[PDB]
Amino acid sequence: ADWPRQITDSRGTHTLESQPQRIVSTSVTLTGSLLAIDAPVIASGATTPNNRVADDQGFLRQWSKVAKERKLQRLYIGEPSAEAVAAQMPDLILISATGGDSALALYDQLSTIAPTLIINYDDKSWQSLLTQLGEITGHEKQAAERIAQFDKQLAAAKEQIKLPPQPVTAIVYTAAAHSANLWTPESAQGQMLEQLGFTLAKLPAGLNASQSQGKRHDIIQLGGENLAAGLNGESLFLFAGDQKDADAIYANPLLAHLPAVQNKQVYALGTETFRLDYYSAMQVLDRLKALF
């Protein structure tokens, strides 16, 4: 709004008596989410070689240059400190439903430092998440702009693609780390795909980390049963890497019997295709259209 107001999160309510243009983000999920809606953050963290966080290389609208221009914007993690965060004099701190590190303890510690809000998108669709961002940030107009320009692409894109309906899955692993990590739709990416008309595979009781014998965030592991069985087995996209991932699979007799490999219905989403937007959609849309 143009004046002070009150906002409500998942539960706790924070009054916005006055928050000067000083948007702050903890998780990288929001960082990109906020940026996409024309809402750059002065201070933020980083994760892995996502590319989105990188420099002018791998950017949609390109509003991040603003944060860096002010110097602010952390790009290193491993030992978070409350004092260090306070030294940044943050105003509005936004936290995602999940992150690389637990924020249960930081949540309250962050609030004391400055207005800390938490958004739960895991139990809500992507469209719903955006609505909250527009309401929380009051950037509804901007959303109508991106949504409109994007809505048109979705319509044509939805009709541009020609292929019967079927479930799909995605797996990522490194022959070096000798570890099998799978990505679940519970992430914002999964909701975004569902909005495209695609269906993500679901592993009951499996997602609940049946190997970890407990609960875990970030990502989910697997014994190796669903992997080889390419989950649904009706389609599988390679997000681990381009041709490198393919060869890796070939060297894996377990995933050799995967229908996707036999039919070669694998698409190299790449790490850049992390988020989908009118801008990036241009590369992803064409990349996923080269096959047809």
# chains A, B, ... in the order shown; residues from 1 in each chain; ligands from 1
>>> residues_around(residues="residue 48 in chain A", least_positions_apart="4", cutoff="12 Å", atoms="only C-alpha atoms", output="PDB file with C-alpha atoms, in the first residue's frame")
ATOM      1  CA  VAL A  28      17.414 -18.693  -2.308  1.00  0.00           C
ATOM      2  CA  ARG A  52      20.663 -17.748 -11.444  1.00  0.00           C
ATOM      3  CA  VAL A  53      22.641 -16.324  -8.527  1.00  0.00           C
ATOM      4  CA  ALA A  54      25.718 -16.032 -10.741  1.00  0.00           C
ATOM      5  CA  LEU A  75      26.670 -15.409  -1.502  1.00  0.00           C
ATOM      6  CA  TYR A  76      28.265 -17.711   1.064  1.00  0.00           C
ATOM      7  CA  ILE A  77      26.801 -20.141   3.597  1.00  0.00           C
ATOM      8  CA  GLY A  78      28.036 -22.727   6.100  1.00  0.00           C
ATOM      9  CA  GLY A 100      19.323 -25.816   2.876  1.00  0.00           C
ATOM     10  CA  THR A 271      20.294 -26.318 -14.012  1.00  0.00           C
ATOM     11  CA  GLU A 272      19.370 -23.045 -15.703  1.00  0.00           C
ATOM     12  CA  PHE A 274      15.445 -24.100 -12.480  1.00  0.00           C
TER      13      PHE A 274
END
>>> residues_around(residues="residue 180 in chain A", least_positions_apart="6", cutoff="7 Å", atoms="only C-alpha atoms", output="list in words")
residues 172, 173, 221 and 222 of chain A
>>> write_last_selection(atoms="N, CA and C atoms", output="PDB file, in the first residue's frame")
ATOM      1  N   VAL A 172      18.489 -36.940  -9.879  1.00  0.00           N
ATOM      2  CA  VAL A 172      19.829 -36.366  -9.984  1.00  0.00           C
ATOM      3  C   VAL A 172      20.816 -37.143  -9.115  1.00  0.00           C
ATOM      4  N   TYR A 173      21.956 -37.490  -9.695  1.00  0.00           N
ATOM      5  CA  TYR A 173      22.983 -38.217  -8.957  1.00  0.00           C
ATOM      6  C   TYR A 173      24.357 -37.926  -9.536  1.00  0.00           C
ATOM      7  N   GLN A 221      16.122 -38.777  -0.438  1.00  0.00           N
ATOM      8  CA  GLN A 221      16.960 -39.864  -0.939  1.00  0.00           C
ATOM      9  C   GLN A 221      16.109 -41.084  -1.247  1.00  0.00           C
ATOM     10  N   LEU A 222      16.719 -42.078  -1.893  1.00  0.00           N
ATOM     11  CA  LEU A 222      16.018 -43.310  -2.245  1.00  0.00           C
ATOM     12  C   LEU A 222      16.953 -44.507  -2.201  1.00  0.00           C
TER      13      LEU A 222
END
>>> residues_around(residues="residue 84 in chain A", least_positions_apart="3", cutoff="12 Å", atoms="only C-alpha atoms", output="list in words")
residues 43, 74, 79, 80, 81, 87, 88, 89, 90, 110 and 113 of chain A
>>> atom_distance(atom1="CA of residue 288 in chain A", atom2="CA of residue 153 in chain A")
14.3 Å
>>> closest_residue(among="A:275, A:171, A:267, A:164", to="residue 255 in chain A", atoms="only C-alpha atoms")
A:171
>>> atom_distance(atom1="CA of residue 149 in chain A", atom2="CA of residue 235 in chain A")
29.4 Å
>>> residues_around(residues="residue 186 in chain A", least_positions_apart="5", cutoff="12 Å", atoms="only C-alpha atoms", output="list in words")
residues 97, 98, 120, 121, 122, 123, 124, 125, 126, 191, 192, 193, 194, 200, 201, 202, 203, 207, 208, 217, 218, 219 and 220 of chain A
>>> write_last_selection(atoms="N, CA, C and O atoms", output="tab-separated table (two decimals), in the first residue's frame")
chain	number	residue	atom	x	y	z
A	97	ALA	N	9.36	-22.00	2.91
A	97	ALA	CA	8.87	-23.14	3.69
A	97	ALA	C	10.03	-24.07	4.05
A	97	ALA	O	10.07	-24.63	5.15
A	98	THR	N	10.98	-24.22	3.13
A	98	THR	CA	12.14	-25.08	3.37
A	98	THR	C	13.40	-24.44	2.81
A	98	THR	O	13.34	-23.56	1.95
A	120	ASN	N	4.41	-20.39	3.30
A	120	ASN	CA	4.32	-21.83	3.06
A	120	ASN	C	3.71	-22.09	1.68
A	120	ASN	O	2.50	-21.95	1.49
A	121	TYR	N	4.56	-22.46	0.73
A	121	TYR	CA	4.10	-22.73	-0.64
A	121	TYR	C	3.98	-24.23	-0.88
A	121	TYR	O	3.42	-24.66	-1.88
A	122	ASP	N	4.52	-25.01	0.05
A	122	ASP	CA	4.48	-26.46	-0.08
A	122	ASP	C	3.04	-26.97	-0.02
A	122	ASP	O	2.69	-27.96	-0.66
A	123	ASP	N	2.21	-26.29	0.77
A	123	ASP	CA	0.81	-26.68	0.92
A	123	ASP	C	-0.08	-25.83	0.02
A	123	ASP	O	-1.30	-25.90	0.11
A	124	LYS	N	0.54	-25.03	-0.84
A	124	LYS	CA	-0.21	-24.16	-1.75
A	124	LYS	C	0.38	-24.22	-3.15
A	124	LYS	O	1.56	-24.54	-3.33
A	125	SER	N	-0.44	-23.92	-4.15
A	125	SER	CA	0.00	-23.94	-5.54
A	125	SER	C	0.87	-22.72	-5.84
A	125	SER	O	0.92	-21.77	-5.06
A	126	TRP	N	1.58	-22.77	-6.97
A	126	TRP	CA	2.46	-21.68	-7.36
A	126	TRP	C	1.66	-20.38	-7.50
A	126	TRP	O	2.04	-19.35	-6.97
A	191	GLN	N	5.08	-27.25	-8.62
A	191	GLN	CA	3.83	-26.52	-8.79
A	191	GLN	C	3.82	-25.78	-10.13
A	191	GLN	O	2.79	-25.71	-10.82
A	192	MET	N	4.97	-25.22	-10.50
A	192	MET	CA	5.08	-24.49	-11.75
A	192	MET	C	4.79	-25.42	-12.93
A	192	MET	O	4.10	-25.04	-13.87
A	193	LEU	N	5.32	-26.64	-12.86
A	193	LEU	CA	5.08	-27.61	-13.93
A	193	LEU	C	3.60	-27.96	-14.03
A	193	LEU	O	3.03	-27.95	-15.11
A	194	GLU	N	2.98	-28.23	-12.89
A	194	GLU	CA	1.56	-28.57	-12.86
A	194	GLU	C	0.75	-27.49	-13.56
A	194	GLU	O	-0.28	-27.76	-14.17
A	200	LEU	N	3.53	-34.56	-12.27
A	200	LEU	CA	4.74	-35.07	-11.63
A	200	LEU	C	4.47	-36.39	-10.93
A	200	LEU	O	3.38	-36.61	-10.41
A	201	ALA	N	5.47	-37.26	-10.93
A	201	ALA	CA	5.34	-38.56	-10.29
A	201	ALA	C	5.29	-38.40	-8.77
A	201	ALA	O	5.85	-37.46	-8.22
A	202	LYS	N	4.61	-39.33	-8.10
A	202	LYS	CA	4.50	-39.28	-6.64
A	202	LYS	C	4.81	-40.65	-6.05
A	202	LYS	O	4.30	-41.66	-6.51
A	203	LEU	N	5.66	-40.66	-5.02
A	203	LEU	CA	6.06	-41.90	-4.36
A	203	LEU	C	5.52	-41.93	-2.93
A	203	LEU	O	6.17	-41.42	-2.01
A	207	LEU	N	8.52	-40.67	-0.51
A	207	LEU	CA	8.99	-39.31	-0.35
A	207	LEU	C	9.39	-39.06	1.09
A	207	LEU	O	10.37	-38.37	1.36
A	208	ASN	N	8.65	-39.65	2.02
A	208	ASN	CA	8.95	-39.49	3.44
A	208	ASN	C	10.29	-40.15	3.78
A	208	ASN	O	10.45	-40.71	4.86
A	217	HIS	N	14.47	-32.37	5.13
A	217	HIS	CA	14.04	-31.33	4.19
A	217	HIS	C	14.98	-31.29	2.99
A	217	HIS	O	15.55	-32.30	2.59
A	218	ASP	N	15.12	-30.10	2.40
A	218	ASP	CA	15.98	-29.94	1.24
A	218	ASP	C	15.58	-30.90	0.13
A	218	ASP	O	14.72	-30.59	-0.69
A	219	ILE	N	16.21	-32.07	0.11
A	219	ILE	CA	15.93	-33.08	-0.91
A	219	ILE	C	15.61	-34.42	-0.26
A	219	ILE	O	15.70	-34.56	0.96
A	220	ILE	N	15.21	-35.38	-1.08
A	220	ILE	CA	14.85	-36.72	-0.58
A	220	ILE	C	15.72	-37.78	-1.23
A	220	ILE	O	16.03	-37.71	-2.42
>>> select_by_dssp(residues="range 29-139 of chain A", states="helix (DSSP H, G or I)", output="short mmCIF file (atom, residue, chain, number, x, y, z; two decimals) with N, CA, C and O atoms, in the first residue's frame")
data_model
loop_
_atom_site.label_atom_id
_atom_site.label_comp_id
_atom_site.auth_asym_id
_atom_site.auth_seq_id
_atom_site.Cartn_x
_atom_site.Cartn_y
_atom_site.Cartn_z
N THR A 29 15.19 -19.63 -2.54
CA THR A 29 13.91 -19.86 -3.22
C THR A 29 13.15 -18.55 -3.39
O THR A 29 12.77 -18.19 -4.51
N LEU A 30 12.99 -17.82 -2.30
CA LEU A 30 12.33 -16.53 -2.35
C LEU A 30 13.15 -15.53 -3.16
O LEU A 30 12.62 -14.76 -3.95
N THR A 31 14.46 -15.54 -2.93
CA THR A 31 15.35 -14.61 -3.62
C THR A 31 14.97 -14.51 -5.09
O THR A 31 14.71 -13.43 -5.61
N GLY A 32 14.91 -15.66 -5.76
CA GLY A 32 14.53 -15.69 -7.16
C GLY A 32 13.05 -15.36 -7.35
O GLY A 32 12.67 -14.71 -8.32
N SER A 33 12.23 -15.83 -6.41
CA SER A 33 10.80 -15.59 -6.49
C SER A 33 10.50 -14.10 -6.41
O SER A 33 9.70 -13.57 -7.17
N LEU A 34 11.16 -13.42 -5.48
CA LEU A 34 10.98 -11.98 -5.30
C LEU A 34 11.48 -11.22 -6.52
O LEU A 34 10.87 -10.27 -6.99
N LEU A 35 12.63 -11.65 -7.03
CA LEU A 35 13.23 -11.00 -8.18
C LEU A 35 12.34 -11.11 -9.40
O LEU A 35 12.21 -10.16 -10.19
N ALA A 36 11.73 -12.27 -9.57
CA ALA A 36 10.87 -12.51 -10.72
C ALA A 36 9.70 -11.54 -10.74
O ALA A 36 9.25 -11.11 -11.80
N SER A 64 18.58 -8.19 -10.34
CA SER A 64 19.54 -8.51 -9.29
C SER A 64 20.71 -7.52 -9.30
O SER A 64 21.26 -7.18 -8.25
N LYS A 65 21.07 -7.07 -10.50
CA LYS A 65 22.15 -6.11 -10.64
C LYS A 65 21.98 -4.96 -9.66
O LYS A 65 22.95 -4.30 -9.28
N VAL A 66 20.74 -4.72 -9.25
CA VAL A 66 20.46 -3.64 -8.30
C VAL A 66 21.01 -3.97 -6.92
O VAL A 66 21.63 -3.13 -6.27
N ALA A 67 20.77 -5.20 -6.47
CA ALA A 67 21.24 -5.63 -5.15
C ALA A 67 22.75 -5.56 -5.09
O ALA A 67 23.32 -5.01 -4.14
N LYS A 68 23.41 -6.12 -6.11
CA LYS A 68 24.87 -6.11 -6.15
C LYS A 68 25.39 -4.68 -6.22
O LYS A 68 26.41 -4.35 -5.62
N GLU A 69 24.68 -3.83 -6.97
CA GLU A 69 25.09 -2.44 -7.12
C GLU A 69 25.26 -1.79 -5.75
O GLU A 69 26.10 -0.91 -5.57
N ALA A 82 23.62 -14.58 13.73
CA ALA A 82 22.58 -13.58 13.98
C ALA A 82 23.18 -12.18 14.02
O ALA A 82 22.57 -11.22 13.54
N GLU A 83 24.37 -12.07 14.60
CA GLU A 83 25.03 -10.78 14.72
C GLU A 83 25.38 -10.23 13.34
O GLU A 83 25.20 -9.04 13.07
N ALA A 84 25.86 -11.10 12.46
CA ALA A 84 26.22 -10.69 11.11
C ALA A 84 25.00 -10.17 10.36
O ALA A 84 25.08 -9.16 9.66
N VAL A 85 23.88 -10.86 10.53
CA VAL A 85 22.64 -10.45 9.88
C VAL A 85 22.21 -9.08 10.39
O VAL A 85 21.79 -8.22 9.62
N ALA A 86 22.30 -8.89 11.70
CA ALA A 86 21.91 -7.62 12.31
C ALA A 86 22.78 -6.49 11.78
O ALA A 86 22.32 -5.36 11.60
N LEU A 104 14.20 -22.93 12.02
CA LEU A 104 13.32 -22.97 13.18
C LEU A 104 13.90 -22.12 14.30
O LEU A 104 13.17 -21.44 15.02
N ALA A 105 15.22 -22.18 14.47
CA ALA A 105 15.88 -21.40 15.52
C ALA A 105 16.15 -19.97 15.04
O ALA A 105 16.06 -19.01 15.81
N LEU A 106 16.47 -19.83 13.77
CA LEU A 106 16.73 -18.53 13.18
C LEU A 106 15.45 -17.72 13.07
O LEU A 106 15.45 -16.51 13.23
N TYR A 107 14.35 -18.41 12.79
CA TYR A 107 13.07 -17.74 12.63
C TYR A 107 12.86 -16.68 13.71
O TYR A 107 12.73 -15.49 13.41
N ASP A 108 12.80 -17.12 14.96
CA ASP A 108 12.58 -16.20 16.07
C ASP A 108 13.76 -15.24 16.22
O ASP A 108 13.57 -14.04 16.45
N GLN A 109 14.97 -15.78 16.11
CA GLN A 109 16.17 -14.95 16.25
C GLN A 109 16.20 -13.88 15.16
O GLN A 109 16.68 -12.77 15.39
N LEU A 110 15.67 -14.22 13.99
CA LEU A 110 15.61 -13.27 12.89
C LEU A 110 14.56 -12.21 13.14
O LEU A 110 14.76 -11.03 12.84
N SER A 111 13.41 -12.63 13.67
CA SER A 111 12.32 -11.71 13.93
C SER A 111 12.78 -10.60 14.87
O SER A 111 12.57 -9.42 14.60
N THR A 112 13.42 -10.98 15.96
CA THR A 112 13.91 -10.01 16.93
C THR A 112 14.78 -8.97 16.23
O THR A 112 14.67 -7.78 16.51
N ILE A 113 15.62 -9.43 15.32
CA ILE A 113 16.49 -8.52 14.57
C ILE A 113 15.67 -7.60 13.66
O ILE A 113 15.95 -6.41 13.56
N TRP A 126 1.58 -22.77 -6.97
CA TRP A 126 2.46 -21.68 -7.36
C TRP A 126 1.66 -20.38 -7.50
O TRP A 126 2.04 -19.35 -6.97
N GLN A 127 0.55 -20.46 -8.23
CA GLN A 127 -0.28 -19.28 -8.45
C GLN A 127 -0.66 -18.65 -7.11
O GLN A 127 -0.61 -17.43 -6.95
N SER A 128 -0.99 -19.49 -6.14
CA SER A 128 -1.33 -19.02 -4.80
C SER A 128 -0.14 -18.30 -4.17
O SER A 128 -0.29 -17.26 -3.52
N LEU A 129 1.05 -18.87 -4.36
CA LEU A 129 2.25 -18.28 -3.79
C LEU A 129 2.46 -16.88 -4.34
O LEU A 129 2.77 -15.96 -3.59
N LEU A 130 2.29 -16.72 -5.64
CA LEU A 130 2.46 -15.42 -6.26
C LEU A 130 1.46 -14.42 -5.68
O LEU A 130 1.81 -13.28 -5.38
N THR A 131 0.22 -14.86 -5.52
CA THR A 131 -0.82 -14.00 -4.98
C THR A 131 -0.37 -13.44 -3.63
O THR A 131 -0.52 -12.25 -3.36
N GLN A 132 0.19 -14.31 -2.78
CA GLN A 132 0.65 -13.89 -1.47
C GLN A 132 1.77 -12.86 -1.61
O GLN A 132 1.81 -11.87 -0.88
N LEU A 133 2.66 -13.08 -2.56
CA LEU A 133 3.76 -12.15 -2.79
C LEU A 133 3.25 -10.79 -3.19
O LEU A 133 3.75 -9.77 -2.72
N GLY A 134 2.26 -10.78 -4.06
CA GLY A 134 1.68 -9.53 -4.52
C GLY A 134 0.98 -8.81 -3.37
O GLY A 134 1.07 -7.60 -3.23
N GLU A 135 0.27 -9.58 -2.55
CA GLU A 135 -0.45 -9.00 -1.41
C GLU A 135 0.52 -8.53 -0.34
O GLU A 135 0.39 -7.43 0.20
N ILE A 136 1.49 -9.37 -0.02
CA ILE A 136 2.48 -9.03 1.00
C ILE A 136 3.33 -7.84 0.55
O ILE A 136 3.61 -6.94 1.34
N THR A 137 3.75 -7.86 -0.71
CA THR A 137 4.59 -6.79 -1.24
C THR A 137 3.73 -5.72 -1.91
O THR A 137 4.22 -4.66 -2.27
#
>>> residues_around(residues="range 4-7 of chain A", least_positions_apart="5", cutoff="12 Å", atoms="only C-alpha atoms", output="list in words")
residues 12, 13, 14, 15, 16, 17, 18, 19, 20, 92, 115, 116, 117, 118, 119, 132, 133, 134, 135, 136, 137 and 138 of chain A
>>> closest_residue(among="A:114, A:157, A:94, A:176", to="residue 44 in chain A", atoms="only C-alpha atoms")
A:94
>>> closest_residue(among="A:209, A:282, A:248, A:256", to="residue 154 in chain A", atoms="only C-alpha atoms")
A:282
>>> select_by_dssp(residues="range 49-284 of chain A", states="strand (DSSP E or B)", output="list in words")
residues 92, 93, 94, 95, 116, 117, 118, 167, 168, 169, 170, 171, 172, 173, 174, 179, 180, 181, 182, 199, 200, 220, 221, 236, 237, 238 and 268 of chain A
>>> residues_around(residues="residue 273 in chain A", least_positions_apart="5", cutoff="9 Å", atoms="only C-alpha atoms", output="PyMOL selection string")
chain A and resi 239+280-281+283-284
>>> write_last_selection(atoms="C-alpha atoms", output="PDB file, in the first residue's frame")
ATOM      1  CA  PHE A 239      17.896 -32.179 -14.668  1.00  0.00           C
ATOM      2  CA  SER A 280      13.785 -18.123 -19.655  1.00  0.00           C
ATOM      3  CA  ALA A 281      10.715 -19.815 -21.107  1.00  0.00           C
ATOM      4  CA  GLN A 283      15.041 -21.059 -24.158  1.00  0.00           C
ATOM      5  CA  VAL A 284      13.196 -23.832 -22.337  1.00  0.00           C
TER       6      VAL A 284
END
>>> atom_distance(atom1="CA of residue 102 in chain A", atom2="CA of residue 73 in chain A")
20.0 Å
